[PDB]
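Written below as structure tokens is the structure these notes are about.
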RNA sequence: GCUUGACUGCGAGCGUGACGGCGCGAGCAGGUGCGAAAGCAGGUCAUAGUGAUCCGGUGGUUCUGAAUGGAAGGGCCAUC
RNA sequence: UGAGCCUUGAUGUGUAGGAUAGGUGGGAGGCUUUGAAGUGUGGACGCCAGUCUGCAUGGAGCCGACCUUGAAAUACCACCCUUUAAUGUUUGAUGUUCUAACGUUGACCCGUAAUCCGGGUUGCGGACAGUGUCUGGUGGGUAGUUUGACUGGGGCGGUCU
RNA sequence: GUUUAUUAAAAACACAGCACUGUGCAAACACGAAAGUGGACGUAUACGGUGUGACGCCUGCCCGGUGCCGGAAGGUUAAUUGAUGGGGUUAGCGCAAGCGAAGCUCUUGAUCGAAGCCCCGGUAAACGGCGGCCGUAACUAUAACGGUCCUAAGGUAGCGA
RNA sequence: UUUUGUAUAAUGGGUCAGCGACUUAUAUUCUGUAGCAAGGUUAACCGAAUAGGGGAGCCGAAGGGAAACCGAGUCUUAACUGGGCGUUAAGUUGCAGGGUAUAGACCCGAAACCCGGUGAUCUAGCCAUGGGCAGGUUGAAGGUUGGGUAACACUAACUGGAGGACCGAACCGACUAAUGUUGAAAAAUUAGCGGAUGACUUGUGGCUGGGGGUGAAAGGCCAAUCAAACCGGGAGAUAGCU
RNA sequence: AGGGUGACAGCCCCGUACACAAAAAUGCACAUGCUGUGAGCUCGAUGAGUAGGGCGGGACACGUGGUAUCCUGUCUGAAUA
RNA sequence: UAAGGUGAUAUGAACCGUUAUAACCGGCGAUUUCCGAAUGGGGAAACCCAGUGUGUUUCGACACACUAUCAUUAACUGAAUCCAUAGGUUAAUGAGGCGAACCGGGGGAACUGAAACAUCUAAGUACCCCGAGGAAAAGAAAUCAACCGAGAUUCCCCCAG
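What follows is the structure, encoded as structure tokens:
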């Protein structure tokens with residue numbers, strides 16, 4: 001879905017991008033291993049402040 | 002048991018309505034899967050008996066918010 | 001030869017069935033066909049050529065229209 | 001590799017005709033020294049009929065009802081249709097590789113002097129397998145039932161309006 | 001040897017043997033909603049199913065039908081995908097005859113689409129089939145033999161009174 | 001009792017006494033009776049509790065048509081000389097009874113179906129641990145020596161003791177006949193008969209449960225029973241039958 | 001009221017109507033004390049894998065029918081006075 | 001409260017008491033063997049076999065006390081693995097079981113009726129299972145109504161076969 005990147009990711013990422021990703025590549029790789037977070041419109045200001 | 006741990010969904014019964022409307026009893030099994038989840042707060046691979054809808058709920062609420070609901074009703078995980 | 005009465009709305013009275021029904025019917029109202037006219041024609045000389053109901057299909061009729069204005073559906077007439 | 005979508009470029013031989021005219025709109029001046037016609041080639045399309053354009057010679061012009069066409073302009077400016085090509089996005093299909101879901105009735109460590117199970121490491125498979133829902137075929141393995149009546153008893157034959 | 005305890009002890013059942021087929025182990029198969037177990041702490045010289053029933057001589061012909069095994073260009077084909085078309089409603093426009101935007105909604109279901117079936121090829125120690133009709137020729141007369149019937153093929157060996 | 005018809009040799013009763021079968025609840029219609037009368041009448045509830053209060057509501061004095069609608073008329077049709085249905089007949093509430101409806105519905109009686117439990121101390125198969133098979137006979141493989149062979153073969157005694165082997169008690173089974181048939185016995189006795197070192201038999205304990213088990217296969221067995229055990233429940237199943 | 005006493009009892013007896021009683025335990029009432037709980041006013045905030053939809057069912061008298069509403073096994077999926 | 005009394009079959013025997021400690025009845029206690037949720041482990045229920053702690057004018061043997069499982073909380077220890085968790089020990093509190101009906105919820109037939117029977121009916125009935133209470137359940141409107149309004153839920157009578 002709408003996850004935002006956080007790292008030195010390959011060629012879809014620029015340290016934070018709103019992309020259209022699938023659910024299976026979202027969880028177990030990008031959810032809790034690091035590097036992403038689901039964009040529930042509360043975290044879009046919270047981690048950009050970080 | 003075939004009970005979803007997150008959403009509490011349990012198998013219900015039904016009928017196989019044919020072309021001649023003959024009633025035959027059967028069950029409605031959920032799309033349950035034993036998925037291994039990772040948490041940041043406890044640093045542990047936590048396996049949970051969840052459904053296909055249960056995976057959809059746990060993505061929006063979060064991996065740690067659902068465990069607060071299992072904490073409140075005394076479930077084990 | 002000319003033609004659409006193989007008309008529509010009705011119908012006193014009667015035959016015939018346990019019933020559902022079926023069969024005959026002068027006459028009236030409307031509009032016709034034929035004959036100059038009186039008149040005759042509501043199918044075939046008559047009696048066999050048939051199927052109830054339910055659920056629906058089609059056309060017409062605003063008849064009904066679960067707040068109102070419609071509509072869906074139902075009903076009635078024709079018909080499968 | 002099949003499709004849409006977005007810029008970017010090509011693309012249109014009924015026939016008379018200065019000539020391989022896409023249609024509607026504004027439209028009698030735009031463009032050229034922010035260097036033009038007209039000649040000379042490379043790449044290229046293709047019904048080899050011709051055309052576009054980089055480079056370059058060139059060194060100051062070409063146009064419009066022009067007469068013809070069922071419809072007039074490479075005079076310019078617009079949104080575009082026909083067909084076609086290459087980048088770029090999007091959605092599917094096919095094939096390869098890979099790991100992180102998932103499988104492990106391979107190995108090892110610990111709970112634990114424990115053949116289960118749970119946790120961890122690692123190997124091998126791997127988005128297959130299998131499961132859930134929906135759905136086509138198969139299915140006496142099983143379940144509920146049906147298989148008519150008159151009839152010189154029943155059956156055979158025959159009949160039912 | 002076994003069996004109808006309690007009317008049938010056998011020509012029945014079983015039997016080693018033979019043959020077919022399934023099965024590469026987390027096996028096929030089976031008990032179980034499942035877990036798990038049996039199979040088996042076994043590994044195709046093994047296991048499960050099926051028919052036949054020591055041994056000796058042997059086991060012919062026929063794949064059309066029905067089953068199974070594959071093969072697949074096409075036909076047909078579910079869920080799904082919702083392309084078009086029709087209808088209702090009304091902002092507006094028409095003194096009205098009516099028409100009808102957007103949105104919502106009813107309905108219609110082109111295209112996509114697997115196995116199966118049709119189709120194509122095998123398989124009889126698969127279920128099964130192994131037939132008629134006419135014409136002769138030593139004493140009855142055979143059916144050697146000769147035509148036909150294309151439904152796939154018309155009794156081989158051995159036995160029979 | 002049932003029949004066209006019973007002394008019927010058609011069914012039923014040994015006798016006596018007790019017991020035993022057209023009910024009840026709620027609705028509706030009809031009749032009788034009683035009250036009021038174009039009106040009649042309450043239900044729950046309240047309650048000075050069978051009074052009284054309560055008129056929610058039901059039924060009747062108006063019908064016709066599918067209906068809108070119209071109305072002593074209405075429908076049918078363009079409209080009916082008409083026609084169909086109505087107007088010109090007092091109902092209503094109790095009580096008793098004759099019926100019907102729903103309930104088991106006059107009483108007794110099925111074979112079976114379904115659910116929840118109980119049983120492998122009998123029997124079928126299996127698992128674990130133990131036991132039993134008197135006596136006699138046939139004399140396999142192997143072994144040794146001699147004969148025999150060019151060398152094996154082959155053969156002779158001796159040795160050895162194999163067998164779902166032979167005969168025959170215990171034990172297990174039940175082929176034939178008699179007795180037995182309200183038996184001594186709800187399958188037995190006597191005399192013959194089969195197996196009897198095996199696919200045997202047996203004690204004790206364990207496992208497999210009903211649409212299931214097990215079955216060297218009879219559709220047998222699963223507590224004197226099995227073409228689906230037993231018990232309890234739905235259940236007063238149902239019966240157009242006696 | 002009723003029962004008994006040698007056959008049928010208002011006056012024989014137990015009782016009956018009526019009039020009374022609780023050391024102790026306990027029920028229900030009010031009154032007060034104690035410790036927590038929370039009042040009243042103003043200003044807000046508004047319950048998302050949820051409503052709804054496809055397929056497959058179930059429940060509403062209503063059997064999918066033109067079928068509203070409610071529940072959901074499956075697959076998805078809003079708006080924010 | 002009392003002049004009688006030691007329950008009954010059931011007498012008899014031996015006694016008690018008569019002016020307040022005979023008996024009878026009521027409240028509160030004491031005792032309460034063994035089995036049974038059975039709870040120290042087992043068990044063919046009324047039996048067997050222990051652990052820890054404590055006690056002897058007789059420190060042998062016996063007697064006294066405690067020791068189930070699960071849930072929460074707290075303390076102490078404690079792996080693979082560094083932290084950390086899993087796990088282990090101990091303590092406090094609570095739960096367990098029985099019981100006739102009623103209530104809610106999870107599952108859920110068939111006979112029969114349809115003059116057969118499959119949709120249907122029987123019927124969410126019987127039964128099974130779980131949970132709770134003196135009642136339970138439901139309960140303050142995303143409810144009805146129709147342009148007037150009503151104002152949670154439950155129960156009864158009508159509407160109405």
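Protein chains in written order, with full-length UniProt numbering: chain A, 1 to 50; chain B, 2 to 78. We treat Cβ as the ideally placed atom computed from N, Cα and C, and that holds for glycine.
Exercise for review: Could you please tell me which residues of the region 10 to 30 of chain A, in chain order, have their CB closer than 9 angstroms to any CB of chain B?
Suggested key: 23, 26, 27, 28
Review point. Of the residues 26/A, 18/A, 28/A, which one's Cα is nearest the Cα of residue 60/A?
Key: What is shown of chain A runs 1 to 50, which leaves residue 60/A out entirely.
Exercise for review: Note down the Cα distance separating residue 29/B from residue 30/A, rounded to an integer number of angstroms.
Suggested key: 33 angstroms
**Study point:** Burial state of residue 5/A (16 or more Cβ within 10 Å)
**Key:** buried
Check your understanding: Excluding five sequence neighbours on each side, which residues of the same chain lie with their C-beta closer than 6 angstroms to the C-beta of residue 16/B?
Key -> 24
Exercise for review: Would you identify the three-state DSSP class for residue 66/B, choosing helix, strand or coil?
Suggested key: helix
Check your understanding: What residue from 8/A, 10/A, 25/A, 16/A has the CA that sits closest to residue 43/A's CA?
Key -> 16/A
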